[PDB]
Each structure stands twice: as structure tokens, then as C-alpha cells.
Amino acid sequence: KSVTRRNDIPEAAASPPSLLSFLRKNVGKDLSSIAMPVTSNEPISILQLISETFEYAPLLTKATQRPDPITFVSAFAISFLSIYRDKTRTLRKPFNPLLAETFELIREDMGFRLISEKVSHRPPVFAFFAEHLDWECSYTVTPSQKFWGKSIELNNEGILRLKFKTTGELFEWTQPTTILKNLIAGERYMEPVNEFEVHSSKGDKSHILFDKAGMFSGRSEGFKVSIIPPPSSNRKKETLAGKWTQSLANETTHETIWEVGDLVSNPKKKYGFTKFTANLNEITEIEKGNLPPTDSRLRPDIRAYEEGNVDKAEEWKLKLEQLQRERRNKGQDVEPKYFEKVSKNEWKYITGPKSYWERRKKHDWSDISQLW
């Protein structure tokens, strides 16, 4: 089966507030558990944003069918940055999910399904588990930001663990650091920095290094990828090149490996969302009547905001956070249901008759309370 999607969202209802305003105005001790106005947000939660890591999942599927899978895993690993190609996307942030808030994403068109949940509030910890017939990926991430003085260091702390269900081979990597520049003057934007690597359980390793731009060619967008197989295996060295804002190719044969999809129409007036982004908060035939009470698609503030009601959304954002606060203080902390801690910084999808997907088949959410 298949479903129809909006591939669009209403235009932004308010202009973007300044981030540096909050920084200096809120230095004192130091941010984190400091609230921000709803207008500083884009119409999706962090759970949904991280889900965009899978916009180009077909790359992983193709990887399971190529003698040199790491080159495609490397394309996928870098692909997520493309959502920041239209600078507008860097002007706002996702809504902060409530503890135990969830987000499921089933893309039958791409043959995969994903389930995610906020497993911790302080520090904030998000757990993801994506599934496809030929692969699966788990992720325990903690987004961290650090005011560097004239810019902000953005890092998703955590290892993405990819697994080929075809052969059981494993791939791991941490998403690369990004820097939000032009906090002072000029139009804000983000660009990746330094480098990161994708390591294979079979020894193969991929090294990605982003070009540098400190004061001239504006935003950095190019990058090189050096594939390095284990000297011993029949596999051999390869090289890739491209721009995380457009595409990646095998630089030896100059063949395109990955390309960006489409942004929504008139992106500058719609947070710079890609079409995939715009489809994240839509309730289609897939979700209709199948969601637990905690999915991000059911949040009132995000919904009202998406539909343009600033005041109404602001009312709701304050309400949701206040309620979580009271539950917290009463010690009636809502505990995550679909992931369990396996170690420090590591959560794992709970399997069984009480797992997410099993409960879903029979709408078994009797023990699940409304968070708002």
C-alpha cells in the first residue's frame, strides 16, 4: 500500500527572534533549563528533526546490495546535513519533546519504519530505532550546544549503530559537528567542521573531511571522503567528493551517489523545510487512529503553531512544560515505555508483546497516560 502526503506546510506565522539575544541576556550562570518563546521554534519536535537523518534511507538499502557498502553508508551519514542548505532552516529550532513523548515514522515507499522516544529530560536523551527488511539502526543521542563566543558548536552526542540484516555487518559513526555562524551580524547559517569517520565491523573505515572557510568564500559546503578498506580484503581504496548542499560522487568515475531531494515551495517563508520535513507532522492513513497518546503529531502547541496560532501555541507550550514540571516535582515522573537503558549513554528498543510495534497492531495503550 501507499499514502498521499501534503509535501507542504503553511507559511511561518511570525518572524525569527534573535538567538544571540538570549545568549548574552541569559549568560549569568548558564542556559539549558532556560525557557524560550514558542516563536523560536519551527513546527516539529527534536524527535522529528533527528528522524530527518533517514530522509535518504534508500542509500542504506542500496549499500546492502553493493560490494563496497561503506561508500554508501558514508553518503547516508553525510546526507542529513542537507536540511540546512537553505539558511532559513538555521533560524529556528525544533520544539523540545516532553519526557516520554514519542514519534513513529513509517515510510512504506522506502520500506522502513522508525520509532523514537525521549528517554530522559536532564540531560535530554533521545532514543531511535529504525527498521527495514535488510537493515536496522539504533541511536541514543543527546544534542549539545556550546557558545564558542562568536558562534555555537552543535553536536549530537551518541553513536549511530547501523546493522545490515542481510549479513549482520555493522557500521558506526557519530554525526559531525556543525557551527552556527554569523550570530553577530549577517544572515545566520550552519556549516560542518573538522571531520568524522564511519567504521565497519569488518575493518573498513571511511574518513570525511569538510572544507574550511574562515573569512572569504562564505559558507563551507565541500567535502572529501577517503574510503580505506582493510589491507587484506579483496576490497580496495576509493574516493568521493561533493557538497552536502547538493550531491556526492565517486571522484574516480565522477558518478553521482546521492543528491538532495526537493524543498517545499517558497522555502524562505516556510522555515526552509524539505518536503520530507513538511511530511513529518502530518497524520495520514498510516497514523490515523493508530498512534499512542504520546506521538509528537498530537502536540497542541506544535499543531497550533504549524497552523499559525502564535498566541494559542504559546499558551500551550507554557502549559505542557508546566504540567511536566508538576509531574516531575510530585515524583510522578512519566517513565519511557519502548526503550530500556542497557548502559550509560545507551538505550535499546524493548522487544516483546509489550514492544511499540506489537502494541500498535492492537491499539494496546491502556497503560499509557496523556502527557497533556
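Heads up: residue numbers just count along the shown sequence, starting at 1.
Between 127-135 and 212-220, which has the larger average Cα B-factor in the PDB entry?
In the deposited entry, the stretch with the higher C-alpha B-factor mean is 212-220.
Hey, which bit's got the bigger mean C-alpha B factor in the entry, 297-305 or 252-260?
Between 252-260 and 297-305, it is 252-260 that shows the higher mean C-alpha B-factor.
Which is it among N281, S79, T88, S151: the one with the largest CA B-factor in the entry?
Going by the entry's C-alpha B-factors, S151 comes out highest.
Sort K317, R66, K337, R325 by C-alpha B-factor from the entry and give me just the highest.
Going by the entry's C-alpha B-factors, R66 comes out highest.
Modelled-residue ranking by C-alpha temperature factor, third containing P43:
According to the entry, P43 has a C-alpha B-factor in the chain's lowest third.
Among the modelled residues of its chain, does the C-alpha B-factor of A313 lie in the lowest, middle or highest third?
Its C-alpha B-factor, which the entry lists for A313, ranks in the middle third among residues of this chain.
Splitting the chain's C-alpha B-factors into thirds, which one does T177 fall into?
Middle third.
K205, C-alpha B-factor rank within chain (lowest, middle or highest third)
Ranked within chain, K205 CA B lands in the highest tercile.
Considering every modelled residue of the chain and its Cα B-factor in the PDB entry, is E238 in the lowest, middle or highest third?
Highest third of the chain for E238's C-alpha B-factor.
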